[PDB]
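Per-chain residue numbering starts at 1, and chain names A, B, C, D, E, F, G, H, I, J and K are given in the order in which the chains are listed.
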């Protein structure tokens, strides 16, 4: 699996994350920093939409007489005008925010792909479906290091070269 | 040519597409799936802007007397207020949608570039202007396969390696 | 340093630019074309927000009597309605424009990274922090050429191959 | 589903032009591609061209490449086919047909209108 | 800082369900993750689960995986824990606690409410 | 095209400061970069610095790096040059000039105002 | 008090000479004037995040 | 692209099974040659969507398949309603070319 | 993950220094095992945020450190307020498991 | 960068052709050394935009070219209006430095 | 030998808000909301107001004995009254359609 094919069920620890498999075990984990930052972003967005609304104590209804029909109709015009403006803006705002939010999340999962590729460089094969395969054998300690962003690339340099070289041809 | 240099005239089969040249002939084709999806997106966007507008039967004009000048001026204030709001929002909405639409399309043509690069991997040279050149000889069947997203990369693996190796130096 | 780590102080010649170091000297320079285009973009954006506002000579205040309280309250309703709409839209517009502006600028500095990588291809090592290191020795003339977008890649092809080959192993 | 309604029959003199209208109802015009097809008397169908009200991408058959203009306007939910320099060779019933997508065959054909070109 | 207020104590018969509410005040509800913890009489704490009002990501302890539903609604600034198929084994004080982040321990604990399950 | 108007002449005592204003009219202020140039009596021109009302990017000549502040405010469509710690060495005509771009020479020069520093 | 200037908008607190689209000086104005906004600030980014290396 | 859809006329009795087929100079995109049925005086009706999908509203007596440059329409349990003209349309090709028309006669 | 926080009871005189420690079957994420203090009848109070940060409002008598599968809480200058139960919580782990509870007695 | 624009004074008769040139310690960006003409008592007027474009509103008697560290201004058909000071400005450089000023005298 | 790509940074402490983050420090920003004024009344499009001072509009229009200095000006851009006018109706009564009259005289 991987972000290219679809999301994961069972990865309930966060919006974004990793799955790994090695000789010591396997399972899901959230990228806790990425997820919390994405959450803070979304939280600020939702709260901005809500908090910027000016809520004041009001008195909406107005009464009119038989010969105040023009005034009644103006009062109605005002309510319909404001209502169409707020309805149009609310519908449109939500649709626009939803397009950006879904794009935001797609961007963030790809950014994790770039985070890992940049960190691993040529010590892992890209699969193309959102996965990477190490050329070197990788235990639980290097899995944590990659997730942390502390992978000691030079440490595995020789092992990965030797394993890539299994298909080098002439040497 | 290619998307980097500008668009193509004569490619009238779609917004996005391919041009190819091989030993059996050449010409333009649309990426029919990409174009239809882009069209559905744009169609939904244009219709959303139009459909969300609340059109009701109305009665806009109001009459006022000599001594109802304050009421007339309020009625005018209301019309100018609503008009400036709708004008500002309509102008701004269109400018914002136009920036996003043009960016949307630039994103989609690049996405096709990524689609092809991902599929062909190292069996084709990137030109950098939006084109790819196969190392292997490619006939009409592989051109259709690449456009379809079914390119059998392994099938051409040996031919492409051998052709890339013409400049390998020592082996 | 580089755009990955943060911006530069002392690079006061533009929003986007280069720093270089070679045997003949070092320092900052703006990418004058990129910066001017980014500026034109931002300038048009700020002016659009301002210019599309319809400013008309007005007369905002209205007077009401003791028994015109409903009219006074409608007048107030109209002012509060318009004010909440403009306040909500102004706050939200600025927040949305600010997110796009900051993203715009991040996109533009990355685009320069792509500009240089595309131009230099494999004649320079990516550092990953926003820098490139030439394999060939590069003097002031090639620094200007790269900034101009006229780098004669073939000219340095042999020197860069020879320097990359210092770590080729078997040949 | 969309239903298409066409203008009535017309008779033209050689060298003149005809503008054949088509209106959509019963569905959303902007969501269908309009494709115009020529029915020659005593013969089969000939494709003349298509337009997408939203995407443009006007695409015409080579025979009429310098003669026929196909337009659409979502404002009135109509499409038009304007054919210049009419010949007696152009007597035919012209059909307006809708399609659910730009690259799909049309299942929603209109009435067909006869245009006769004669002296 | 947020302060949490819980519903009063309840007594239930085995097989029935209990819905324990928690309300937030003194801060923004939507900015805290709500985590529910069980205090067994005479024993220590057991985690039951958490919810983010904005992110969802409901996460439950395995023991109650098919039994407890945790919800939140930013509309009322509350969270609820609904536990089905009650057993005498479930007598405990249930605490509502807030956390400054999804991956942070909670420093803002509520009152605790006793739910007793008995005949 | 933009035209630039400057404040009148001023006389200052050594150690004091002068704030030289420039106003734009006849075009859009925010679209021009403002560049200040010093004309020494009996000598040529010296560049002092520039500002973009929208981009900032204040850029000052080294000689006045710790002495001159150049500002702009699109609100009033003006630019200012404030020079501190005045010396008799600073007697000069100070010109405000506009440029069509940040990296272009200015073709739109203003009036020039004399500032004299003396006892 | 009254004095001379080139005013475009005036509020009871004094005259305004400004090109900006919004103002928070006063809700009731006379003349060609920026829209009144309840907000304390509308600062738009033109520049970059000021995060030095 | 050249489409040669009507190499023959066909004469059948109601209740019979028969086939019609289309040939072309090049491939009709990917399985994108549609089939039409035309009753005299009527606009063409779509039968087969793409090389083989049944168009919405079309009876189960109609089916077909094909690829490339060679496609077939099959009608079983033929009824009087079916005895009219048949066409192929290259909707997936650059020009959306139509065939000549084959006529089915009643015995 | 299995957390074994209460291997022993502890009995101290006020003013003394003492430590408590937690062990686990796997690593508690990265330095993410929190410490809690519970006065009878009260909700648990957070003392240590993560393996070692002092939680806001907590006195300087409390400190701690650790990593992996082995963490320690130290209390110096012990006061009557401290003679209650202690717990560990794996807030950085998939289940946010709690320890058993250790009791501190007054001599 | 050091700009040395006025190595000499110049004395010409009206109607004559003559040139002025600027030298610099480094390159003036890419062809970005502008030329100015100053009538006594006036603000400088731009003649040449960049190394060689004619500034808008400038007569055809003015032209010039150059690159790097060596640039030339040419005036043909010299008129009384031209007998004033000339300057170079490195508008494409980091400091936008100006030259010293050369004076053209009338014979 | 080395080329690095970067962007501008400086000593500014101004901040902005966005929809995803708050209190972001920015190198340059534009305040689109005007909050200053001159503290004084002025000439609107170059034209002085009618300043009534202690007088109300009714005072001036009716010609209150104390509005003597207000009856020399023949044109104005706007009318200014003190916050709580004292010289208006001096012989008390109802001024019909007063609010309408003040709308009509708002610009002469």
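Everything below uses one rule, namely that contacts are C-beta pairs under 8 Å (C-beta built on N, C-alpha and C of every residue); 3 or more make two chains touch, one makes a residue touch a chain.
In terms of the stated touch criterion, the partners common to chain C and chain H are B, listed by label.
Centroid distances built from C-alpha atoms place J farthest away from chain A. Chain C and chain K have Cα centroids lying 38 Å from one another. Look at where the CA atoms of chain F average out and do the same for chain I: the two points lie 66 Å apart. Computed centre separation for the pair chain F/chain H is 81 angstrom, with centres defined by C-alpha atoms. Separation between the centroids of chain A and chain G, computed from CA atoms only, is 38 Å.
Shared interface positions of chain C, defined as residues touching 2 or more other chains, are 1-2, 6-9, 12-15, 32, 42, 46, 49-50, 53, 56, 59, 62-63, 71, 74, 78, 84-87, 89-91, 94-95, 98, 102, 105, 170. For chain K, residues touching at least two other chains, in rising order: 6-10, 12, 16, 19-20, 24, 27-28, 30-34, 99, 103.
In chain E, the positions touching at least two other chains are 59, 103. Across the complex, chain C meets chain J through its residues 13, 28-29, 32, 144, 148. Contacts from chain F toward chain C in the complex involve residues 28, 30-31, 52, 54-55, 57-59, 74, 101-103. Remark: chain A residues 48-49, 52-54, 56, 59, 62-63, 71, 74-75, 78, 82, 85-86, 89, 93, 118, 170-171 touch chain C in the complex. Against chain G, in their complex, chain K makes its touches with residues 6-10, 12-16, 24-46, 48-49, 51, 78, 80. Listed in rising order, the residues of chain A touching chain K in the complex are 40-42, 44-45, 48.
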